[PDB]
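Colleague: The sequence shown begins at 1 in the deposited numbering and counts up one residue at a time.
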Amino acid sequence: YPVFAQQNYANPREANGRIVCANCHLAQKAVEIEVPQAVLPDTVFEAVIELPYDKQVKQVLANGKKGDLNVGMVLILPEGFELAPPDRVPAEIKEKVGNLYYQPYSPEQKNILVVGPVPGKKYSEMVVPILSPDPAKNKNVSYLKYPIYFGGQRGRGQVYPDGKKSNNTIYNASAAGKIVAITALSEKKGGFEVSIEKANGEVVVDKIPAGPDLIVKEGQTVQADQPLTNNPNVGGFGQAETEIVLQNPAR
Ligand code: HEC
């Protein structure tokens with residue numbers, strides 16, 4: 001979630017341009033962003049973002065069942081640019097934005113906006129009202145062509161802040177050996193326990209949460225780190241970059 005990024009990463013964009021959501025949402029899925037080529041100072045403009053995905057395909061949920069996907073994003077604007085205050089956003093734009101609550105990454109980074117999680121069904125496309133700065137009043141900005149960075153996220157991640165894998169990723173054999181048993185946990189918690197007999201006779205038990213499907217069978221020999229399941233992840237994170245020119249009013 002955006003909060004996972006906020007609580008664990010001071011800056012959402014790394015030196016090489018990678019946005020931190022990618023450290024946990026391990027699958028790539030394209031996104032799109034559009035902003036006007038240019039904007040006058042102290043003016044409200046729209047950033048239209050696209051987070052496409054097949055809405056017919058459900059994902060594995062935290063509870064092990066299948067369900068809809070939720071989305072979120074992080075938008076990195078040039079210093080000085082900020083979310084347009086409600087009083088500056090015309091009715092026609094507020095309607096396009098819908099019931100979304102964009103928030104600054106931190107009180108000290110009002111130029112970085114986030115949103116989510118929100119339903120993918122309704123927000124696979126979003127509009128963000130942005131207010132441009134004024135070089136005449138802000139010396140941290142000038143009349144330049146500035147870059148804008150975007151990260152669009154869909155679906156549950158593969159690893160948590162604590163480093164533990166979620167049930168929405170691949171599970172691998174902890175050791176090489178012969179699978180001597182594949183036990184179904186319960187019927188309410190789901191999941192499995194895969195017993196692997198090593199060459200020395202020791203038996204290790206790999207626990208697999210409900211969600212992923214097994215691709216191995218009893219009696220089958222596996223190598224260390226060999227996948228025991230499929231890759232249930234159907235979501236993805238994508239990045240895009242664009243630009244905008246802050247116009248210099250002439251009179
Ligand atoms: C790892 C420390 C993470 C970072 C950094 C980010 N996300 Fe994440 N996200 C992560 C997990 C493991 C989960 C699943 C939680 C669960 O058990 O359900 C999520 C989930 C989301 C969601 C909800 C998706 C859904 O329910 O279908 C969204 C919209 C999402 N994450 C967005 C998001 C964005 C935009 C991030 C970067 C700014 C981001 N996440 C970082 C793990 C982590």
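Positions of the beta carbon are idealized from the N, C-alpha and C atoms, including for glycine.
How long is the line joining the alpha carbons of residue 194 and residue 170, rounded to whole angstroms?
Modeller: The straight-line gap from Cα to Cα measures roughly 14 Å.
Colleague: For residue 127 and residue 211, what's the separation of their Cα atoms in angstroms?
Modeller: Whole-angstrom Cα-Cα distance: 33 Å.
Colleague: Taking the alpha carbon of residue 38 as the point to measure from, which residue in 107, 144 and 14 has its own alpha carbon closest?
Modeller: Here the closest residue by C-alpha is 144.
Colleague: Taking the alpha-carbon of residue 134 as reference, which of 6, 10, 13 and 247 has the nearest alpha-carbon?
Modeller: Cα-wise, what sits closest to residue 134 is 247.
Colleague: Excluding the 5 residues preceding and the 5 following residue 161 in the sequence, name in chain order all residues of the same chain whose CB lies nearer than 6 Å to its CB.
Modeller: Correct list, in chain order: 4 and 8.
Colleague: Is residue 69 a contact residue of the ligand HEC, with contact defined as CB to any heavy atom under 7 Å?
Modeller: Yes, Cβ of residue 69 sits closer than 7 Å to a heavy atom of the ligand HEC.
Colleague: Between which residues of its own chain and residue 221 is the CB-CB distance below 6 Å, once the five residues before and five after are set aside?
Modeller: Once the five neighbours on either side are set aside, the close Cβ partners of residue 221 are 178.
Colleague: Pick out whichever of 249, 112, 176 and 242 has its Cα sitting closest to the Cα of residue 6.
Modeller: It is 112.
Colleague: Could you check how far apart the C-beta atoms of residue 130 and residue 77 are, in whole angstroms? I think they sit under 8 Å.
Modeller: Indeed, because the Cβ distance is near 7 Å, the residues count as touching under 8 Å.
Colleague: Regarding residue 23 and the ligand HEC, is the C-beta to nearest heavy atom distance less than 7 Å?
Modeller: Flag set: Cβ of residue 23 near the ligand HEC.
Colleague: At a cut-off of 7 Å, would you count residue 150 as near the ligand HEC, judging by its Cβ distance to the nearest heavy atom?
Modeller: Because no heavy atom of the ligand HEC lies under 7 Å away, the Cβ of residue 150 does not count as near it: no.
Colleague: Quickly, what does DSSP pair residue 237 with across the bridge? List them, please.
Modeller: Its beta-bridge partners are 28 and 153.
Colleague: With C-beta atoms as the reference, is residue 30 less than 8 Å away from residue 238?
Modeller: Going by C-beta atoms, residue 30 is nearer than 8 Å to residue 238.
Colleague: Taking the alpha carbon of residue 25 as the reference point, which residue from 166, 219 and 40 has its own alpha carbon closest?
Modeller: Nearest of 166, 219 and 40 to residue 25, Cα basis: 166.
Colleague: Could you tell me how far apart the beta carbons of residue 141 and residue 80 are, in whole angstroms, since I believe they sit closer than 8 Å?
Modeller: Contact flag correct, Cβ pair sits at about 4 Å.
Colleague: Quick check on this structure: which residue in 185, 188 and 205 has the alpha carbon closest to the alpha carbon of residue 175?
Modeller: Here the closest residue by C-alpha is 205.
Colleague: Would residue 102 pass as a contact of residue 12 if the rule is Cβ separation under 8 Å?
Modeller: No, these two residues do not count as a Cβ contact at 8 Å.
Colleague: What is the DSSP secondary structure of residue 192, reduced to helix, strand or coil?
Modeller: Strand at residue 192.
Colleague: Going by C-alpha to C-alpha distance, which of 218, 10, 116 and 241 sits closest to residue 109?
Modeller: Comparing Cα-Cα distances from residue 109 to each of 218, 10, 116 and 241, the minimum goes to 10.
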